[PDB]
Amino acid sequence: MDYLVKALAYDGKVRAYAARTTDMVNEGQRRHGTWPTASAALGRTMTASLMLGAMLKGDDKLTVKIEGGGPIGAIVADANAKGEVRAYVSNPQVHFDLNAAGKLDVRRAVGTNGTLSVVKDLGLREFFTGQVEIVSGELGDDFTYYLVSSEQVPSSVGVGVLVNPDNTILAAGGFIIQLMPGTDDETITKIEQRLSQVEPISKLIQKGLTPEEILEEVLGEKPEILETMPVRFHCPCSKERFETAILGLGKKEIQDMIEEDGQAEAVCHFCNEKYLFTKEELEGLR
């Protein structure tokens, strides 16, 4: 039921993407136990990251790191060309009152003193990196700035997350609209005004609009859908793997951890799975 669409509009002058990510954002919330404001920052990042990741091909993948000096600390999302995302926030426990407009105060959680970086991993010696300063802190506008100023593509990013009173996620989705080099300086203005006039993405997702519908409303025309794909929260961590974490400590600290408890545990930061090594298992190296 979560998915992403790749689209064109205006006869190939607009390259567009849209997604519905309610289930994956709910899974992020549950795994990390984020408080509402942190959920909003997490889901906004996850959704934007997924759509960046969909711009990739094949086995290529990317990582977004945001750390604006606010109490949530660093937010990291991995996304790939298959629409698999894993993401965490460094401090899930962030509470503030609503802002003046009655929305979760994401910019106070994130902070605006630091950077948004995107690292694309194409192979062992092949990568593309980009970095800008966080100028908004609401995340959607920071991703816009990344696209416009580091990637130098005229773009508009909208991401929205609605949090239920019980702290679960009601809805999440977003879009990215990009104007291609060919676009005549006049059709640019038709789209820029219609974007500036349509309802914010949070309102659109509140009404239950699908990704195609969101693109149509925001664009003022039905888009050519190039591809739809399913998307999911996914983290490939496993116990064998955390072994290497534990191996990396050695035979000393390993002989300890035990002789003192008869066990040890390690935690995946992306998905919060916990791995317990029993006494027998720990002995299998020491």
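Each residue number is its position in the shown sequence, starting from 1.
Stretches 33-41 and 223-231 differ in mean CA B factor, with 223-231 having the higher one. Higher mean CA B-factor, judged across 192-200 and 109-117 from the recorded values: 192-200.
Which of 27, 67, 253, 60 has the largest Cα B-factor in the deposited entry comes down to 253. Ranking 97, 84, 141, 184 by Cα temperature factor from the entry places 184 first. In the deposited entry, the Cα temperature factor of residue 104 sits in the middle third of values across the chain's modelled residues. Ranked against the other modelled residues of its chain, the C-alpha B-factor of residue 247 as given in the entry falls in the highest third. For residue 257, the recorded CA B-factor ranks within the highest third of the chain. Only modelled residues enter the ranking.
Residue 275: CA B factor lies in the middle third for its chain, per the PDB record. Sort the chain's modelled residues by C-alpha temperature factor and residue 130 lands in the lowest third, per the entry.
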